[PDB]
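Take a look at the structure set out below.
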Amino acid sequence: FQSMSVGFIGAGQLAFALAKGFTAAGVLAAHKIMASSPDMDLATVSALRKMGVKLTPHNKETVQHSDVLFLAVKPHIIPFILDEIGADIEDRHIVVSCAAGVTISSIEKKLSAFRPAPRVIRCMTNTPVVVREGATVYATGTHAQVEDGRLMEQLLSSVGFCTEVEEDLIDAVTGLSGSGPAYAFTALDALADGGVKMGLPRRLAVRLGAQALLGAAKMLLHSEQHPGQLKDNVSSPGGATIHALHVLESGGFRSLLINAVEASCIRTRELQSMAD
Amino acid sequence: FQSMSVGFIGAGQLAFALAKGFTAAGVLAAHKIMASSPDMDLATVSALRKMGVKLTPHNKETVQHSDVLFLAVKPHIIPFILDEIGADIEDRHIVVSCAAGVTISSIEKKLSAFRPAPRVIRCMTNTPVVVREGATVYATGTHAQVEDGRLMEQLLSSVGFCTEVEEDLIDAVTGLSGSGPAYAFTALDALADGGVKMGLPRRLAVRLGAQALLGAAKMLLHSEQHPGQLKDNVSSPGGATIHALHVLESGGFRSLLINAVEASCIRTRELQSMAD
Amino acid sequence: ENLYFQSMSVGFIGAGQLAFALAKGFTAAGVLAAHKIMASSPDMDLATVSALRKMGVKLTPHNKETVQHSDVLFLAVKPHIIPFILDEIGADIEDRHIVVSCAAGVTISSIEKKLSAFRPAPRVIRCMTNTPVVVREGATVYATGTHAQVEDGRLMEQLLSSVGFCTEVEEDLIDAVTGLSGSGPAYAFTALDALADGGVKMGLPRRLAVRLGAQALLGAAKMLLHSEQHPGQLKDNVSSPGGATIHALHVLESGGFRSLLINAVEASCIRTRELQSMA
Amino acid sequence: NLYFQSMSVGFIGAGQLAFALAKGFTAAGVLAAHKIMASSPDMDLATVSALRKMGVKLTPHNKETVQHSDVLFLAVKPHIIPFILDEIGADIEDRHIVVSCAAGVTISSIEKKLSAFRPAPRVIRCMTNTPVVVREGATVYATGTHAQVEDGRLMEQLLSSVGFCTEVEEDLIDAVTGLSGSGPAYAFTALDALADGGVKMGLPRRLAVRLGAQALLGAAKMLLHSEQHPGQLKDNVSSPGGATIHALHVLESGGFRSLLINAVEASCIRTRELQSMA
Amino acid sequence: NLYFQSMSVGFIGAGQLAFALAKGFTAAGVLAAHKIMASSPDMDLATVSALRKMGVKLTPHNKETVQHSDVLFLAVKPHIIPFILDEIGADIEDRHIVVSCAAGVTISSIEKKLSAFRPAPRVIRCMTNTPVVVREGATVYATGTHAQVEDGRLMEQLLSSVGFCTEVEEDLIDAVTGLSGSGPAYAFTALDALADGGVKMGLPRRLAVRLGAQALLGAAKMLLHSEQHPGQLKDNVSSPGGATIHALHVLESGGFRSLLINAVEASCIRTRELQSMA
Ligand SMILES: O=C(O)c1cc(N2CCNC2=O)ccc1Cl
Ligand SMILES: O=C(O)c1cc(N2CCNC2=O)ccc1Cl
Ligand SMILES: O=C(O)c1cc(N2CCNC2=O)ccc1Cl
Ligand SMILES: O=C(O)c1cc(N2CCNC2=O)ccc1Cl
Ligand SMILES: O=C(O)c1cc(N2CCNC2=O)ccc1Cl
């Protein structure tokens with residue numbers, strides 16, 4: 001809505017990305033956002049201040065300011081935030097935890113000791129929300145009203161893809177779209193090295209490799225076609241592309257990306273289990 | 001311009017992509033485009049017909065129709081097209097070869113036997129022009145007027161990134177952004193397999209992996225930051241993402257993408273050398 | 001049927017595995033009588049020569065008698081034997097002959113070069129088929145030579161279509177076809193033996209494991225041939241999230257399973273070009 | 001000339017396997033499509049959309065499927081089975097044959113659930129695969145404690161109309177799942193790659209796919225109709241010094257055989273984990 | 001207390017190496033920035049933008065650099081050198097020392113070009129690296145046919161103000177290029193990865209980078225100031241049974257040493273190819 005007030009506990013990379021995306025989208029006004037942080041000298045904190053986001057060192061102040069309260073701290077800090085500000089949670093509050101692995105149940109258990117029906121949502125988003133091309137899923141807690149999930153989808157749809165999921169899919173989403181941008185950054189660096197190796201200036205190589213990945217992903221999102229079909233479409237017989245595809249297969253390219261999604265998903269499960 | 005008439009020799013994947021992108025951009029009207037093909041029953045030919053592109057089985061007819069003439073056939077077919085329609089090339093014609101590896105000099109040599117100052121351009125684009133997110137470079141030939149390169153940049157900028165390069169960079173661009181989308185499609189298929197392996201429905205996994213790659217590439221294009229810095233930004237200490245990055249490094253992920261750009265670039269050079 | 005009543009005489013120079021497989025498929029198809037086939041071999045002690053005799057095929061040690069008997073003459077000897085064969089019986093090739101080379105790598109040009117020294121317009125077709133013609137499920141391509149009539153190509157297609165898939169190609173595709181469907185059955189036999197080993201490792205009787213593995217590959221291949229779907233889409237449709245199949249696909253990927261099959265198709269194709277160049 | 005005039009078939013679950021069996025059974029002529037009913041909690045699936053075109057009755061309510069059906073196929077994920085069995089267990093009748101198609105789920109676990117509601121549930125466990133859609137499936141089945149002799153023969157009759165089918169001891173089914181249950185996906189992966197190889201060497205993609213699939217089909221048929229060892233058939237294609245034996249060498253150098261062994265094992269091992277997780 | 005009052009330095013090329021040497025020389029106090037001139041065909045480079053902030057004279061015309069300069073550094077790509085030498089060869093004077101910094105390009109090829117215009121060109125070939133920007137470069141040089149004794153001593157004086165510098169025989173320079181020319185990039189890659197390792201084990205990225213870089217700097221210093229073999233110094237850190245020897249084992253298992261040998265060789269081999277291509 002318009003009257004809506006949003007707060008972040010955590011003023012790191014994710015909070016900045018979300019706030020910058022929300023304000024760019026126009027769904028939120030920077031002055032309706034407050035962030036708190038233990039280190040008020042972070043680079044991300046300075047930038048929020050230029051954007052017009054309110055800033056404080058006191059999580060309690062962010063809570064009293066906020067209607068929607070995003071939890072954007074590390075997983076092992078979540079149990080402490082909840083103990084710190086659990087008494088300050090009111091009926092009007094929707095708590096949106098963005099921490100990897102941390103379960104709705106563990107958040108509801110800590111918060112229920114203060115007030116009995118805390119409205120909790122768990123989400124997994126990623127940094128490209130900063131350019132309003134994020135990928136976000138969310139699961140609704142026990143006491144989240146029906147309007148809570150819809151308000152959440154409205155807000156996070158404005159900065160990229162958003163869809164509701166069962167909570168037991170979120171650990172796998174973390175390995176895929178949560179960690180995904182880092183796989184892409186690693187890939188682009190390497191593709192740029194390849195271009196440079198074959199004679200391209202670095203800056204041209206980075207722009208071309210990025211544009212290639214962006215356009216390809218866009219083609220897949222705008223197509224009903226399987227990605228192998230689109231690969232077929234662009235692999236001319238005997239040509240350059242099919243030769244490059246072979247050397248990727250020879251190194252087990254596909255299995256490395258499977259390994260990655262699996263490794264991130266399994267680590268996310270450990271971050272949960274380490275909580276309880 | 002508006003009066004401009006464009007033709008394609010070749011009605012395959014690339015011709016459709018370019019025509020669909022040009023018409024979507026609004027820089028060209030479908031009725032100002034003509035394509036010719038030896039197999040008038042191709043799926044890409046049927047689609048051009050629905051778009052309103054004129055179609056013919058006679059390359060000579062496309063040439064007489066066209067002011068800008070795109071050559072969108074396989075590299076070993078180019079020498080035959082030029083022999084077929086070389087007498088039909090007029091002063092007003094700009095010949096834009098999109099074939100991998102085929103040099104401006106080889107095109108100018110064949111065409112100069114008919115008329116002495118053929119205006120030739122070599123380009124390397126990719127299929128994401130279909131969603132107006134292509135990556136394109138071009139080099140100007142000996143007799144291309146100054147307005148020719150600018151008209152070309154105007155047209156191809158409307159369907160994605162475009163920049164002029166020295167011709168000796170084009171073989172490396174082919175390995176990077178020419179073959180790039182196929183690396184991305186392979187990557188997305190594998191990332192989807194990873195998501196499915198960890199419990200996601202296939203359709204959700206494909207959408208999330210694609211959105212992740214798109215958003216990440218967009219972040220890099222909108223940033224002055226090095227891709228390793230953006231990787232740093234999203235690799236939380238001890239977290240899921242840094243664990244996945246390790247297993248990518250353990251398989252030599254980076255070197256496989258370097259291998260690919262190199263293999264495609266080297267194959268492109270063979271496709272040229274095989275001509276001469 | 002229409003071909004049966006054409007009452008064609010067929011010859012094989014070379015009485016090996018392919019000659020036997022084609023003879024067995026043509027007769028099973030009812031398009032040729034076994035005794036309307038004649039095959040020659042310098043070695044009449046091969047097992048395939050005995051199998052051919054048993055089914056009623058005529059056998060002779062003299063290639064000239066095969067040629068004189070034949071209307072369609074299949075050259076089914078090793079590539080390096082082809083030029084010696086053409087020297088020997090080039091004088092006996094007649095204007096009525098359609099000469100079909102099945103040898104890997106050997107080009108129409110090289111065959112026509114030899115035979116043009118005798119009659120001026122040898123009718124030559126180059127073929128790449130495979131041994132599952134023996135169960136009428138072969139995979140065949142052919143290219144027509146310089147003097148091959150349009151009816152020659154249609155007849156060859158009608159004949160090879162009776163024992164499986166058959167289609168005309170430009171000759172410059174045949175080396176690649178050899179690497180794919182010419183050698184393909186051997187890739188599948190290796191895969192079926194390995195899958196059976198896997199089933200036995202996990203506790204299945206060998207007989208059952210072999211049966212199930214082969215039935216699994218047959219049905220998947222049949223699904224693909226009857227679907228308009230990409231094989232990756234079919235793979236997606238069978239890969240239940242979190243399930244047994246996606247876990248097995250991972251271990252395939254981790255060994256570069258896909259690259260091995262690409263490697264094999266390339267290695268057979270490359271070898272096929274060497275077999276031409278060495279003779 | 002088989003046909004089951006007195007049999008009503010139901011599917012709990014309207015996914016890829018349900019569509020494949022329903023399509024195979026109707027193409028085999030053994031069942032009128034309108035004598036099939038399927039249920040699913042997402043009546044917006046592509047498979048549920050195709051089932052309506054066939055004429056299969058579709059409902060959202062699993063209780064409706066059970067009441068309509070004699071033979072009831074459980075074609076849902078292994079972890080959904082215990083919930084299904086709780087939901088409809090009070091609707092299982094003496095006439096019902098329950099045929100579970102879920103990977104890993106034992107006859108014992110299914111009978112334990114249903115016996116709470118009514119003693120002597122007639123349970124069969126089967127492992128089939130999607131090529132039943134072209135009547136070339138590979139199916140095994142094991143009969144439960146209270147399945148009658150006519151129940152197994154009947155299920156063999158029905159599933160034999162869509163491919164190979166034999167009875168097995170239940171403790172072989174996890175291994176069958178790794179071989180023929182997952183097998184078609186190994187083949188689709190192999191055909192994608194073989195086609196990639198054909199394209200590399202210069203073939204059009206469409207021809208490469210056709211030829212690769214034809215090669216595999218014909219080789220599988222040869223083995224099925226031959227009494228000979230697959231190594232013997234491989235020997236018959238491998239001309240001395242030739243192209244095939246050179247390619248076979250590069251498969252061996254990659255450990256191609258061990259990868260397929262690895263696959264059957266991993267799928268089998270995972271199937272056992274799907275039992276114990278539920 | 002070194003300073004070259006009578007020396008005018010010019011750079012043909014205004015890229016990373018030109019900026020690094022110009023910055024090192026000015027920080028060393030040996031050259032006023034305004035006594036440096038650099039030329040480049042793209043006066044829109046980030047390096048050319050930084051050079052103007054230093055006070056270095058910048059021109060687009062290579063002829064201007066030559067006329068301003070006594071010591072002329074060729075800091076362009078190897079394939080550009082022959083074009084540069086054709087463009088300005090008629091402007092080379094007796095007073096000029098030409099110092100080529102291009103990988104691979106021999107003294108012989110440079111002298112052949114310039115001798116067409118004027119006999120006895122004074123040519124020095126050097127291989128340096130970008131840490132000259134922090135006065136810790138590693139530089140070798142070889143003197144040409146017509147370089148006087150004072151020319152080499154002078155160039156050693158100048159480049160010693162920004163790091164290690166020694167004269168070598170020219171046929172060692174390709175190998176030096178693979179070791180110290182490319183070396184810093186091996187180190188940047190190693191520091192990125194070591195930091196990735198620190199982050200994996202729970203350190204903030206900024207601390208991990210700092211500590212990794214400090215570790216490397218301190219180890220390099222230890223070796224430089226020790227007479228001892230690097231294996232001996234490694235032995236001194238590897239406490240029996242401890243953390244370091246366990247990590248060293250995993251480096252050995254990956255063939256870590258051979259990768260660095262591979263790198264020096266590949267860079268050296270490529271450097272020789274850059275000579276022969278031009
Ligand atoms: O994979 C190839 O070899 C390839 C082929 C082309 N095209 C399009 C039309 N004619 C060509 O050569 C473009 C880019 C690549 Cl990278
Ligand atoms: O790499 C990680 O472990 C990771 C961490 C997060 N965030 C952001 C704020 N708190 C978190 O846990 C989100 C996604 C991932 Cl994939
Ligand atoms: O890949 C799996 O895990 C798998 C899953 C199934 N199905 C179908 C319906 N319920 C199941 O479990 C069957 C065979 C396999 Cl091999
Ligand atoms: O493995 C080979 O080299 C091979 C050999 C043949 N034949 C049959 C008769 N003469 C040949 O060359 C056919 C197919 C292949 Cl794939
Ligand atoms: O390699 C080790 O295990 C190690 C050991 C030590 N020291 C010094 C005295 N006692 C220790 O444990 C310090 C650092 C490391 Cl890295």
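Within each chain, counting starts at residue 1; across the structure tokens, chains are named A, B, ... in the order shown, with ligands numbered 1 upward in that order.
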Please list as number ranges by chain every residue within 8 Å of stretch 188-199 of chain B, counting only C-alpha atoms and excluding residues in the same chain fewer than 4 positions away. A: 169, 172-173, 175-176, 227-228, 254-255, 257-262, 265; B: 184, 205-206, 209-210; C: 239-243, 246-247
For the residues selected in the previous step, produce a file with N, CA and C atoms as a short mmCIF file (atom, residue, chain, number, x, y, z; two decimals), in the first residue's frame.
```
data_model
loop_
_atom_site.label_atom_id
_atom_site.label_comp_id
_atom_site.auth_asym_id
_atom_site.auth_seq_id
_atom_site.Cartn_x
_atom_site.Cartn_y
_atom_site.Cartn_z
N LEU A 169 10.64 -26.19 0.06
CA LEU A 169 11.37 -25.90 -1.17
C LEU A 169 12.43 -24.80 -1.03
N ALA A 172 16.24 -25.52 -1.32
CA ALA A 172 16.68 -25.76 -2.70
C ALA A 172 16.67 -24.48 -3.54
N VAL A 173 15.69 -23.60 -3.33
CA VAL A 173 15.68 -22.31 -4.02
C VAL A 173 16.94 -21.53 -3.67
N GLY A 175 19.90 -22.70 -3.07
CA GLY A 175 21.00 -23.19 -3.87
C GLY A 175 20.92 -22.79 -5.34
N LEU A 176 19.73 -22.48 -5.82
CA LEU A 176 19.51 -22.19 -7.22
C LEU A 176 19.54 -20.68 -7.48
N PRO A 227 15.39 -25.60 -22.86
CA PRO A 227 16.70 -24.99 -23.11
C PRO A 227 17.61 -25.81 -24.01
N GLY A 228 17.41 -27.13 -24.08
CA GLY A 228 18.15 -27.93 -25.06
C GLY A 228 17.71 -27.64 -26.48
N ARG A 254 28.02 -29.43 -16.95
CA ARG A 254 26.69 -29.60 -16.38
C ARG A 254 26.77 -30.08 -14.94
N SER A 255 27.60 -31.09 -14.67
CA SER A 255 27.65 -31.66 -13.33
C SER A 255 28.17 -30.65 -12.30
N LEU A 257 27.53 -27.37 -12.17
CA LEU A 257 26.40 -26.54 -11.78
C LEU A 257 25.40 -27.33 -10.91
N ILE A 258 25.18 -28.60 -11.23
CA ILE A 258 24.40 -29.46 -10.33
C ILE A 258 25.09 -29.55 -8.96
N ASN A 259 26.39 -29.86 -8.94
CA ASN A 259 27.15 -29.85 -7.69
C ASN A 259 26.92 -28.57 -6.89
N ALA A 260 26.96 -27.42 -7.57
CA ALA A 260 26.83 -26.14 -6.89
C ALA A 260 25.47 -25.99 -6.21
N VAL A 261 24.39 -26.19 -6.96
CA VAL A 261 23.05 -26.08 -6.39
C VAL A 261 22.93 -27.02 -5.20
N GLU A 262 23.43 -28.25 -5.35
CA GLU A 262 23.39 -29.21 -4.26
C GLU A 262 24.21 -28.74 -3.06
N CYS A 265 22.43 -25.80 -1.35
CA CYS A 265 21.24 -26.30 -0.67
C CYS A 265 21.60 -27.07 0.61
N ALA B 184 24.98 -20.42 -22.10
CA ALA B 184 23.93 -20.08 -21.14
C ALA B 184 22.80 -21.11 -21.14
N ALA B 205 12.16 -24.59 -11.31
CA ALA B 205 13.62 -24.58 -11.35
C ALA B 205 14.14 -23.85 -12.59
N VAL B 206 13.48 -24.03 -13.74
CA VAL B 206 13.91 -23.38 -14.97
C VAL B 206 13.70 -21.87 -14.87
N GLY B 209 16.30 -20.37 -12.28
CA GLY B 209 17.67 -20.35 -12.77
C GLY B 209 17.85 -19.31 -13.86
N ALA B 210 16.85 -19.16 -14.74
CA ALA B 210 16.87 -18.15 -15.78
C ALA B 210 16.81 -16.75 -15.19
N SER C 239 12.11 -37.22 -14.82
CA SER C 239 13.01 -36.92 -13.71
C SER C 239 12.23 -36.29 -12.56
N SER C 240 11.65 -37.14 -11.72
CA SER C 240 10.89 -36.70 -10.56
C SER C 240 11.77 -35.90 -9.58
N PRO C 241 11.30 -34.76 -9.07
CA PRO C 241 12.14 -33.96 -8.17
C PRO C 241 12.55 -34.73 -6.92
N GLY C 242 13.82 -34.62 -6.57
CA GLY C 242 14.39 -35.35 -5.45
C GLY C 242 14.52 -36.85 -5.66
N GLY C 243 14.17 -37.37 -6.84
CA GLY C 243 13.93 -38.80 -7.00
C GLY C 243 15.14 -39.61 -7.42
N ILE C 246 16.78 -38.53 -11.08
CA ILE C 246 17.62 -37.33 -11.12
C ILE C 246 18.94 -37.57 -10.38
N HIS C 247 18.93 -38.44 -9.35
CA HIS C 247 20.19 -38.78 -8.67
C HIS C 247 21.12 -39.56 -9.60
#
```
Can you work out which residues are within 9 Å of ligand 5, considering only C-alpha atoms and all ligand atoms, and then hand them over as a PyMOL selection string? chain E and resi 237-247
From the set C:257, C:118, C:4, C:74, which residue has the shortest atom-to-atom contact distance to chain A, counting only C-alpha atoms? C:257
Between atom CA of residue C:139 and atom CA of residue C:186, what is the distance, to one decimal in Å? 13.4 Å
Could you give me, as a count of residues only, every polymer residue with an atom at most 9 Å away from an atom of ligand 4, counting only C-alpha atoms and all ligand atoms? 48
What residues have any atom no more than 9 Å from ligand 3 when counting only C-alpha atoms and all ligand atoms, and can you list them as an MDAnalysis selection string? (chainID C and resid 238:248) or (chainID D and resid 13 15:18 74:81 100:105 127:130 176:183 185 267:268 270:271 274)
Pick from A:140, A:104, A:111, A:128: nearest to residue B:222, with only C-alpha atoms counted?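 Ranking A:140, A:104, A:111, A:128 by distance to residue B:222, first place goes to A:128.
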